[PDB]
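Report on the following structure.
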Amino acid sequence: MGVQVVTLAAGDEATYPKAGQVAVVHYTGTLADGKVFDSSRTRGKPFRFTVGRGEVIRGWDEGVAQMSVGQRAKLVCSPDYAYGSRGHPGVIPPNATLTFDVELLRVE
């Protein structure tokens, strides 16, 4: 399954980011061995992207769309939904399942 979204904390179950809408999130991404490759929480500033535009990996475009505002979830992105066999040199290895702890802050 490309992406699975497991809830850590419920959102308002009302406000979901739709295609072409901006989602504002905090996130922390980890590899299967626990290594943190990216976090907006560490940087201390939320991250914005436009849902469905391919600005992020496919697991995010599809997974964040399943979240409602205030929700915290783990997005488990299979390699086909992230970087595939190619990976991202110096950041992500080949064939990596990526886990993101994401909180959806706002839709714009």
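Residue numbers start at 1 in each chain; chains themselves are named A, B, ... in the order of the structure tokens; ligands are numbered from 1 in the order shown.
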
- Query: So which residues touch residue A:80 within 12 Å, counting only C-alpha atoms, skipping near sequence neighbours fewer than 3 positions away, as a PyMOL selection string?
  - Reply: chain A and resi 1-3+57-59+76-77+83-87+94-98

Per residue of stretch 47-80 of chain A within 8 Å of stretch 6-20 of chain A, note the shortest atom pair and the distance in Å to one decimal, counting only C-alpha atoms, and order the rows by chain and increasing residue number, as CSV.
residue,atom,partner,partner_atom,distance
A:50,CA,A:20,CA,5.7
A:51,CA,A:19,CA,5.1
A:52,CA,A:19,CA,5.1
A:53,CA,A:20,CA,7.0
A:64,CA,A:17,CA,7.3
A:65,CA,A:17,CA,5.3
A:66,CA,A:16,CA,6.9
A:67,CA,A:16,CA,5.9
A:68,CA,A:16,CA,4.5
A:69,CA,A:11,CA,5.1
A:70,CA,A:11,CA,4.2
A:71,CA,A:11,CA,3.6
A:72,CA,A:9,CA,4.9
A:73,CA,A:7,CA,4.3
A:74,CA,A:6,CA,5.1
A:75,CA,A:6,CA,6.7

- Task: One decimal, Å: what's the distance from atom CA of residue A:36 over to atom CA of residue A:22, could you say?
- Result: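 Going from atom CA of residue A:36 over to atom CA of residue A:22 covers 24.9 Å.
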
- Do you have the atom CA of residue A:38-atom CA of residue A:91 distance handy? 8.5 Å

- Task: Calculate how many Å separate atom CA of residue A:107 from atom CA of residue A:43, rounding to one decimal.
- Result: 20.8 Å
